[PDB]
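Reading the structure
In case you want the letters, here they are:
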Amino acid sequence: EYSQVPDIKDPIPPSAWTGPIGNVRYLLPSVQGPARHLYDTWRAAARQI
Amino acid sequence: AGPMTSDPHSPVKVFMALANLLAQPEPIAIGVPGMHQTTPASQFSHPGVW
Amino acid sequence: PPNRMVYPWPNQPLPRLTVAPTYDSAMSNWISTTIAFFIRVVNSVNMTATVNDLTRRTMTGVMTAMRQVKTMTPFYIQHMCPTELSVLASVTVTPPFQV
Amino acid sequence: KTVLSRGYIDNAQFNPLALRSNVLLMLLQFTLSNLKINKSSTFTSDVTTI
Amino acid sequence: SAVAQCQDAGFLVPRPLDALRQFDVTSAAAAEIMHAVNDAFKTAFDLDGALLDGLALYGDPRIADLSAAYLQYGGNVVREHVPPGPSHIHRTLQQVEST
Amino acid sequence: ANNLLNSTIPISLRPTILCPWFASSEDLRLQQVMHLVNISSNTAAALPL
Amino acid sequence: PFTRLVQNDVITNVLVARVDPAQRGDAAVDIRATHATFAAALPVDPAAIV
Amino acid sequence: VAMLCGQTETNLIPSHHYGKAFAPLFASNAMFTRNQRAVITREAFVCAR
Amino acid sequence: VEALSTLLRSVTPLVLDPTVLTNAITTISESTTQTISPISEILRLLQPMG
Amino acid sequence: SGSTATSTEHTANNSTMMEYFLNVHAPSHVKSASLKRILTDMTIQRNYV
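A chain's residues are numbered here from 1, following its sequence as written, a convention that may not match the entry; residues for which no coordinates exist are omitted. Each chain gets a letter, beginning with A, and each ligand a number, beginning with 1, in the order they are written. Just a portion of a larger assembly is displayed, and each value is taken over that portion. Note that the side-chain values use all heavy atoms of the structure and ignore hydrogens as well as water.

As recorded in the PDB entry, chain G goes by the name Major inner capsid protein VP3, listed as coming from Golden shiner reovirus. According to its PDB record, this entry is titled "Golden Shiner Reovirus Core Polar Vertex".

The name given to chain F in the PDB entry is Major inner capsid protein VP3, with the source organism recorded as Golden shiner reovirus.

See the structure below:
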């Protein structure tokens, strides 16, 4: 079961990230698509929290 | 709680909130067409709809 | 007429690429007026059924942002594209067919 | 070669058409590099023949 | 000042170096110049946060100017201007250029 | 402090002091406007304030 | 400014501009077409206020 | 989108760029073959008619 | 039309890049479950078409 | 994902991707005009659990 890894058909390019913040990288505004949607949704919820 | 907010439209929203409940016994006139006394009060967010 | 070609937009020679030709083009005028028009549309009283104040400002901010951003496309249309069309028509195997 | 030069001209060349801008930027750095204070220091008399 | 001097008679700045050639005046060049200045100041004074950024948001510093206003439903406008105050370095730079 | 915490200074010679800590309103006005330019004008800007 | 029940004085927009409209030739245009707009609102609860 | 995003290059000299780009276009001979084929078309048409 | 369009794209100095436009718009909008229908078309517009 | 504590994360991501698919990806990509007509005017809060 755990020997499986998902296969992404369009990975996020490395150039789509900002500089590091120690461990994490923020997502560049110019990037669109479902990932952008996911990023905004979680970010908005984080703000409310 | 009306006055405590900074929204300019709050007084109208307050006024319409009661007007919704009294649409049956006490009717009044609504200026712009397409809006009725039973319209949700929170929609009155435009200076031209007072 | 022979050795002639018609064009949907007005055309002028290629000037120095300074600020004034960047924003005076007819296409730019078309964009500016159009967005200006839709702005007073979305702010019309009739949109209240769906557009609260927050949305109203949000839509307004989007439109004005679209209007403000620089683009060289209108300049290219008015001062550079006709040159490219003129030369290309002289070498393509099928000459232009116009009304 | 501060601007308008990097991916456009050879290492050995300079851009004659962007001279005014590059000169201006160079002078700017010259200006900023000298924003200091001329603090004093120890003075002494000279006891030599000079 | 720097962006204006590279242009032809931009704004109302003195132009001591005008004898020198500067062919390209496109908005791209202006953006590059503004970034150069912005980096220079950040380096010289060891600044940390965003400084002078966002002016290139629309991507044409050649017409950059600050202003604020608010509008009333009655049609009245305020249109407050925010011009910069007098500066020392700017005046100093002119002497350097003249020299 | 609205004249609370009233305080005063001694009266004696202070030869070589220098406290470059001030600016005109125009500077403040300019900085305030600049600050408003470098934000996303949605709620994300207002909330921290 | 805090306006109060004056319909003609309701502030609909707070605006800011990054560029001079006179350069663009926008001198005669609606202000909203030339300046950016702020848009932020906070949904408070009446019960806590009361 | 194309109407609104019209970026241009940094060191753009219209004379250089156009001349460089147009020079290959005149290496073709299709312009002449077109004329020849048209001439043959005429003679074929007249005789056929 | 195809051949002519390919030639034009291969010969023009114009460059199409929807970067600055995206940056400007994203300062206003946000892709969240609230305020999605108002901006759905905008997201379609900014979607990378290739 | 050993107990109900994982259902929250997966349900959140599940909803997010579905919403983006309905409102953005599908209309931009589907062909049938009738499908577009019915696919629009549809949202997760009243069409998906």
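Looking at the interface of chain E and chain D
Contacts between the two partners involve 27 residues from chain E and, on the opposite side, 16 residues from chain D. Of the roughly 1900 Å² buried at the junction of chain E and chain D (both faces included), carbon and sulfur atoms supply 76%. What gets called buried area is simply the loss in accessible area from a 1.4 Å probe that two parts show on being joined, summed for both. If you sort the residues of chain E by the area they bury against chain D, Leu20, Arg21 and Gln22 of chain E come out on top, with a joint share of 24%. Every case where a carboxyl oxygen of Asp or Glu lies within 4 Å of a side-chain nitrogen of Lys or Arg is listed as a salt bridge. As a salt-bridge pair, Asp18 of chain E and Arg20 of chain D come within 4.0 Å of each other at their nearest N and O atoms. Under this definition, polar contacts are N or O atom pairs within 3.5 Å; protein pairs additionally need one hydrogen-donor-capable and one acceptor-capable atom, and for neighbouring residues in sequence, both atoms have to be side-chain atoms. In this structure, the connection of chain E to chain D is made through seven residue pairs in polar contact. In DSSP terms, a helix is any run of H or I states spanning at least four residues, a strand is any run of E spanning at least two, and both are numbered starting from the N terminus. Elements that contribute at least two residues to the side of chain E that touches chain D include exactly α1 (2–6), α2 (27–45) and α3 (88–98) of chain E. For this analysis, residues touch if any pair of their heavy atoms sits within 4.5 Å.

Description of the sheet that holds strand β2 (residues 80–81) of chain E
By definition, two strands form a pair when at least two bridges between them are found by DSSP. The four strands are arranged β2(E)-β1(E)-β1(G)-β2(G) in an open sheet whose pairing can be described as antiparallel. Only two strands of the sheet have a single partner each, and these edge strands are β2 of chain E together with β2 (36–37) of chain G. Relative to strand β1 (residues 11–19) of chain G, strand β1 (residues 64–72) of chain E runs antiparallel, the two sharing seven bridges. From the neighbouring strand, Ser67 of chain E faces β1 of chain G, where its bridge partner is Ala17 of chain G. Note on geometry: axes are C-alpha line fits, over the in-contact stretch for helices, and angles between N-to-C directions span 0 to 180 degrees. Contacting β1 and β2 of chain G, helix α3 (residues 53–68) of chain C runs over the sheet at an angle of about 25° to β1 of chain G.

Observations concerning helix α2 (residues 19–26) of chain I
What α2 of chain I keeps buried is the set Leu21, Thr22, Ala24 and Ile25 of chain I. Buried residues of α2 of chain I fall within an arc of 165° about the axis and therefore sit on the same side. If you follow the buried residues of α2 of chain I, they end up packed against α3 of chain C together with α3 (40–46) of chain I. For every residue, the accessible area obtained with a 1.4 Å probe (protein chains only) is divided by the maximum for its type, and the residue is called buried under 20%, exposed over 50%, and partly exposed between those limits. Directions are taken from the helix axis to each C-beta atom, and the arc is the one they span.

Section: the environment of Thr48 of chain C
Here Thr48 of chain C is to be found in the loop between α2 (26–42) and α3. On the accessibility criterion, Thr48 of chain C (7% relative accessible area) is buried. When the C-alpha positions of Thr48 of chain C and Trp9 of chain C are compared, they lie 38 Å apart, and in sequence the two are 39 residues distant. The residues contacting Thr48 of chain C, other than those within four sequence positions of it, are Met35, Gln43 and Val49 of chain B.

Quick look at the pattern of salt bridges
Pairing between side chains becomes possible if they bear opposite charge and their charged atoms approach one another. Summed over all chains, the structure comprises 15 salt bridges over all chains. In this structure, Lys42 of chain E and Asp53 of chain E form a salt bridge, with 3.2 Å as the shortest nitrogen-oxygen distance. Highlighted residues: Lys42 of chain E in helix α2 and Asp53 of chain E in the loop between α2 and β1, separated in sequence by eleven residues. A residue is classified by how much of its surface remains accessible, and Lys42 of chain E, at 22% relative accessible area, is partly exposed. Owing to a relative accessible area of 23%, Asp53 of chain E belongs among the partly exposed residues under this scheme. In this structure, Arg32 of chain G and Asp30 of chain G form a salt bridge, with 2.9 Å as the shortest nitrogen-oxygen distance. Judged by relative accessible area, which is 14%, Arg32 of chain G ranks as buried.

Brief notes about the interface of chain C and chain E
With ten residues of chain C in contact, the opposing surface of chain E contributes twelve residues. Across the chain C/chain E interface, buried area totals approximately 870 Å², and carbon plus sulfur atoms make up 51% of it. For the interface between chain C and chain E, the tally reads one salt bridge. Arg16 of chain C serves as the salt-bridge partner of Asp8 of chain E, at 3.0 Å between the closest nitrogen and oxygen. Scanning the region where chain C abuts chain E turns up six residue pairs in polar contact. Per-element accounting of the side of chain C that touches chain E gives the leading share, three residues, to helix α1 (residues 19–23) of chain C. Partitioned by chemical class, the residues of the side of chain C that touches chain E number five nonpolar, three polar and two charged. Ten residues, namely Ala, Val, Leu, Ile, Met, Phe, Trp, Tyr, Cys and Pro, are considered nonpolar, four, namely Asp, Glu, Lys and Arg, are considered charged, and the remaining ones, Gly among them, are considered polar.

Section: the packing of helix α1 (residues 19–32) of chain D against α3 of chain E
Here α1 of chain D crosses α3 of chain E at 120°, and the two axes come no closer than 10 Å. Considering the angle they form, α1 of chain D stands oblique to α3 of chain E. Along this stretch, α1 of chain D crosses α3 of chain E, giving a crossing that reads as right-handed. Taking contact as the criterion, the partners of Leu24, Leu27, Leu28 and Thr31 of chain D in α1 of chain D are, on α3 of chain E, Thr92, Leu93, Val96 and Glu97 of chain E. Angle categories: roughly parallel below 35 degrees, roughly antiparallel above 145, roughly perpendicular from 65 to 115, and oblique for all the rest. Helix crossings fall into two classes, left-handed where the near helix is turned counterclockwise from the far one by less than a right angle and right-handed where it is turned clockwise.

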